[PDB]
Amino acid sequence: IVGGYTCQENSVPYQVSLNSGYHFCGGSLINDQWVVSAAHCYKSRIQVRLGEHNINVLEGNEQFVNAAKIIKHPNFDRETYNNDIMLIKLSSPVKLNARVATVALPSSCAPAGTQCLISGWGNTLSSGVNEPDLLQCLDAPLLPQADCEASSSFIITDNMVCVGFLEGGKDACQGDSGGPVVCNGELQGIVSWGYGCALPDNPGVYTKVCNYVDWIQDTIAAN
Ligand SMILES: [Ca+2]
C-alpha cells in the first residue's frame, strides 16, 4: 500500500497473509474455513496466516493454517486478469475472535463514490520496492469507470472496478494482490492489478466481488 497509514494492530481482523516461505499476497476471511483472494495469487501450496500485524515478529495473535483446496475461478484469464478471484479452503477451521474475524460478502454492487478500506503488506513505494513489517491501510473510494480510464494507460472489464485516486500518491501495489477492499462492512473488491503504483491518472484495478457471490457460495457448498 503506497501512501497509506499503519493500521491499528489487528483492526482489520479479516485480513490474512498468503505465505510460501515469505508473504506474497493477501486474502480475506469469509467464514471460519474459507478465504477469498485473487486467482493470480495461486501457488501449488499456500500457508494462510491470520491474526497478523507485524508479519516478521510473533506478537501473540497469529494462527497459521495450510490451504487444503486452492480453487481459481474457472474463467480466470491470466492475460487480462478477468475473473481474478480464487477461494482457499483451510485444512482446519480457525478460532474466530476479536482479532481473527470474517467479513461479509456484498449484498449489491456498491456505487461510485462509496468510501472503502484497502489493506495489505504490499510494496509501499511508487518507485522501487519496500516491503513493510506492519499491515498498511488506505481509505479510498470506488471510482466511476469513465473517470478511471479518462487518462489512464488501460481499460477494465465489467468484472473489475477502479478504486483510489486519479491524482496518484495513494494506491495498492505488488504484494497487496488478493487483499480486501471493504466498504460499509462488505467485501466489494479484491486487489488485482494496475499500471505502476500510485501514479497520477492510473487508479488501481480490483476484482468486482459483487459479480461473484453465487460462484463463491456454490463453490463453498460443493466443497
Ligand atoms: Ca506476527
# chains A, B, ... in the order shown; residues from 1 in each chain; ligands from 1
$ residues_near_ligand --ligand "ligand 1" --cutoff "12 Å" --atoms "only C-alpha atoms and all ligand atoms" --output "list in words"
residues 9, 10, 16, 17, 23, 49, 50, 51, 52, 53, 54, 55, 56, 57, 58, 59, 60, 61, 62, 63, 64, 121, 133, 134 and 135 of chain A
$ closest_atom_pairs --of "region 117-191 of chain A" --to "region 204-219 of chain A" --cutoff "7 Å" --atoms "only C-alpha atoms" --output "JSON lines"
{"residue": "A:159", "atom": "CA", "partner": "A:208", "partner_atom": "CA", "distance": 5.1}
{"residue": "A:160", "atom": "CA", "partner": "A:207", "partner_atom": "CA", "distance": 4.6}
{"residue": "A:161", "atom": "CA", "partner": "A:206", "partner_atom": "CA", "distance": 5.3}
{"residue": "A:162", "atom": "CA", "partner": "A:205", "partner_atom": "CA", "distance": 4.7}
{"residue": "A:163", "atom": "CA", "partner": "A:204", "partner_atom": "CA", "distance": 5.8}
{"residue": "A:164", "atom": "CA", "partner": "A:204", "partner_atom": "CA", "distance": 6.3}
{"residue": "A:171", "atom": "CA", "partner": "A:204", "partner_atom": "CA", "distance": 6.2}
{"residue": "A:172", "atom": "CA", "partner": "A:204", "partner_atom": "CA", "distance": 6.5}
{"residue": "A:187", "atom": "CA", "partner": "A:209", "partner_atom": "CA", "distance": 6.9}
{"residue": "A:188", "atom": "CA", "partner": "A:209", "partner_atom": "CA", "distance": 5.2}
{"residue": "A:189", "atom": "CA", "partner": "A:208", "partner_atom": "CA", "distance": 5.2}
{"residue": "A:190", "atom": "CA", "partner": "A:207", "partner_atom": "CA", "distance": 5.0}
{"residue": "A:191", "atom": "CA", "partner": "A:206", "partner_atom": "CA", "distance": 4.9}
$ write_last_selection --atoms "N, CA and C atoms" --output "PDB file, in the first residue's frame"
ATOM      1  N   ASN A 159     -16.051  -7.047 -14.777  1.00  0.00           N
ATOM      2  CA  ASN A 159     -15.736  -7.803 -13.576  1.00  0.00           C
ATOM      3  C   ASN A 159     -14.654  -7.090 -12.783  1.00  0.00           C
ATOM      4  N   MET A 160     -14.418  -5.830 -13.127  1.00  0.00           N
ATOM      5  CA  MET A 160     -13.392  -5.025 -12.482  1.00  0.00           C
ATOM      6  C   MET A 160     -13.955  -3.671 -12.083  1.00  0.00           C
ATOM      7  N   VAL A 161     -13.349  -3.057 -11.069  1.00  0.00           N
ATOM      8  CA  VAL A 161     -13.751  -1.738 -10.594  1.00  0.00           C
ATOM      9  C   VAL A 161     -12.494  -0.982 -10.185  1.00  0.00           C
ATOM     10  N   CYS A 162     -12.431   0.307 -10.517  1.00  0.00           N
ATOM     11  CA  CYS A 162     -11.291   1.122 -10.119  1.00  0.00           C
ATOM     12  C   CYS A 162     -11.578   1.695  -8.750  1.00  0.00           C
ATOM     13  N   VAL A 163     -10.556   1.723  -7.906  1.00  0.00           N
ATOM     14  CA  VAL A 163     -10.689   2.248  -6.552  1.00  0.00           C
ATOM     15  C   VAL A 163      -9.430   3.062  -6.297  1.00  0.00           C
ATOM     16  N   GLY A 164      -9.583   4.235  -5.703  1.00  0.00           N
ATOM     17  CA  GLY A 164      -8.409   5.031  -5.436  1.00  0.00           C
ATOM     18  C   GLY A 164      -8.507   6.499  -5.764  1.00  0.00           C
ATOM     19  N   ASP A 171      -2.294   4.247  -3.349  1.00  0.00           N
ATOM     20  CA  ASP A 171      -2.757   3.121  -4.170  1.00  0.00           C
ATOM     21  C   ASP A 171      -2.263   1.805  -3.567  1.00  0.00           C
ATOM     22  N   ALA A 172      -2.809   0.687  -4.042  1.00  0.00           N
ATOM     23  CA  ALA A 172      -2.336  -0.625  -3.610  1.00  0.00           C
ATOM     24  C   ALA A 172      -1.133  -0.886  -4.534  1.00  0.00           C
ATOM     25  N   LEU A 187     -17.164  -6.916   1.570  1.00  0.00           N
ATOM     26  CA  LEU A 187     -16.013  -7.054   0.685  1.00  0.00           C
ATOM     27  C   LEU A 187     -16.482  -6.747  -0.745  1.00  0.00           C
ATOM     28  N   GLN A 188     -16.179  -5.546  -1.229  1.00  0.00           N
ATOM     29  CA  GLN A 188     -16.582  -5.145  -2.575  1.00  0.00           C
ATOM     30  C   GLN A 188     -15.501  -5.379  -3.638  1.00  0.00           C
ATOM     31  N   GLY A 189     -14.243  -5.429  -3.217  1.00  0.00           N
ATOM     32  CA  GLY A 189     -13.178  -5.651  -4.175  1.00  0.00           C
ATOM     33  C   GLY A 189     -12.017  -6.474  -3.660  1.00  0.00           C
ATOM     34  N   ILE A 190     -11.218  -6.973  -4.597  1.00  0.00           N
ATOM     35  CA  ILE A 190     -10.020  -7.765  -4.322  1.00  0.00           C
ATOM     36  C   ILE A 190      -8.887  -7.117  -5.136  1.00  0.00           C
ATOM     37  N   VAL A 191      -7.769  -6.797  -4.484  1.00  0.00           N
ATOM     38  CA  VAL A 191      -6.626  -6.175  -5.165  1.00  0.00           C
ATOM     39  C   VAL A 191      -6.217  -7.081  -6.333  1.00  0.00           C
TER      40      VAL A 191
END
$ atom_distance --atom1 "CA of residue 127 (chain A)" --atom2 "CA of residue 165 (chain A)"
17.1 Å
$ residues_around --residues "residue 107 (chain A)" --least-positions-apart "2" --cutoff "8 Å" --atoms "only C-alpha atoms" --output "VMD selection string"
chain A and resid 105 109 186 210
$ write_last_selection --atoms "N, CA, C and O atoms" --output "PDB file, in the first residue's frame"
ATOM      1  N   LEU A 105     -19.938 -10.798   2.467  1.00  0.00           N
ATOM      2  CA  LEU A 105     -19.921 -10.681   1.013  1.00  0.00           C
ATOM      3  C   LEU A 105     -20.893  -9.551   0.659  1.00  0.00           C
ATOM      4  O   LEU A 105     -21.769  -9.207   1.457  1.00  0.00           O
ATOM      5  N   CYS A 109     -23.869  -4.371  -5.749  1.00  0.00           N
ATOM      6  CA  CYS A 109     -22.677  -3.723  -6.268  1.00  0.00           C
ATOM      7  C   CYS A 109     -22.709  -2.287  -5.774  1.00  0.00           C
ATOM      8  O   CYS A 109     -23.640  -1.546  -6.073  1.00  0.00           O
ATOM      9  N   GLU A 186     -18.706  -4.731   3.910  1.00  0.00           N
ATOM     10  CA  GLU A 186     -18.825  -5.752   2.873  1.00  0.00           C
ATOM     11  C   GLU A 186     -17.597  -5.734   1.992  1.00  0.00           C
ATOM     12  O   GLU A 186     -17.050  -4.668   1.704  1.00  0.00           O
ATOM     13  N   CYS A 210     -18.990  -8.267  -6.160  1.00  0.00           N
ATOM     14  CA  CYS A 210     -20.442  -8.400  -6.251  1.00  0.00           C
ATOM     15  C   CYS A 210     -20.894  -9.291  -7.415  1.00  0.00           C
ATOM     16  O   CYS A 210     -21.992  -9.855  -7.372  1.00  0.00           O
TER      17      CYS A 210
END
$ atom_distance --atom1 "CA of residue 176 (chain A)" --atom2 "CA of residue 156 (chain A)"
18.9 Å
$ closest_residue --among "A:141, A:178, A:3, A:26" --to "residue 81 (chain A)" --atoms "only C-alpha atoms"
A:178
$ residues_around --residues "residue 73 (chain A)" --least-positions-apart "6" --cutoff "8 Å" --atoms "only C-alpha atoms" --output "MDAnalysis selection string"
chainID A and resid 39 83:87
$ write_last_selection --atoms "C-alpha atoms" --output "mmCIF file, in the first residue's frame"
data_model
loop_
_atom_site.group_PDB
_atom_site.id
_atom_site.type_symbol
_atom_site.label_atom_id
_atom_site.label_comp_id
_atom_site.auth_asym_id
_atom_site.auth_seq_id
_atom_site.Cartn_x
_atom_site.Cartn_y
_atom_site.Cartn_z
ATOM 1 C CA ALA A 39 -6.582 -16.187 -8.897
ATOM 2 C CA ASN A 83 -12.249 -13.166 -13.232
ATOM 3 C CA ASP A 84 -9.255 -12.671 -10.923
ATOM 4 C CA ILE A 85 -10.775 -14.432 -7.934
ATOM 5 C CA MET A 86 -9.849 -17.579 -6.033
ATOM 6 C CA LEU A 87 -11.123 -19.488 -2.996
#
$ closest_residue --among "A:98, A:181, A:142, A:150" --to "residue 27 (chain A)" --atoms "only C-alpha atoms"
A:181
$ closest_residue --among "A:168, A:132, A:194, A:200" --to "residue 7 (chain A)" --atoms "only C-alpha atoms"
A:132
$ select_by_dssp --residues "region 64-217 of chain A" --states "strand (DSSP E or B)" --output "ChimeraX atom specification"
/A:64-72,86-90,97,100,104,115-120,134,136-142,160-163,171,180-183,186-193,204-208
$ atom_distance --atom1 "CA of residue 25 (chain A)" --atom2 "CA of residue 185 (chain A)"
21.4 Å
$ closest_residue --among "A:66, A:15, A:47, A:89" --to "residue 223 (chain A)" --atoms "only C-alpha atoms"
A:89
$ closest_residue --among "A:184, A:91, A:177, A:11" --to "residue 32 (chain A)" --atoms "only C-alpha atoms"
A:91
$ closest_residue --among "A:148, A:35, A:129, A:182" --to "residue 93 (chain A)" --atoms "only C-alpha atoms"
A:35
$ residues_around --residues "residue 102 (chain A)" --least-positions-apart "6" --cutoff "7 Å" --atoms "only C-alpha atoms" --output "NGL selection string"
:A and (14 or 29-31)
$ residues_around --residues "residue 138 (chain A)" --least-positions-apart "5" --cutoff "6 Å" --atoms "only C-alpha atoms" --output "PyMOL selection string"
chain A and resi 4+117-118
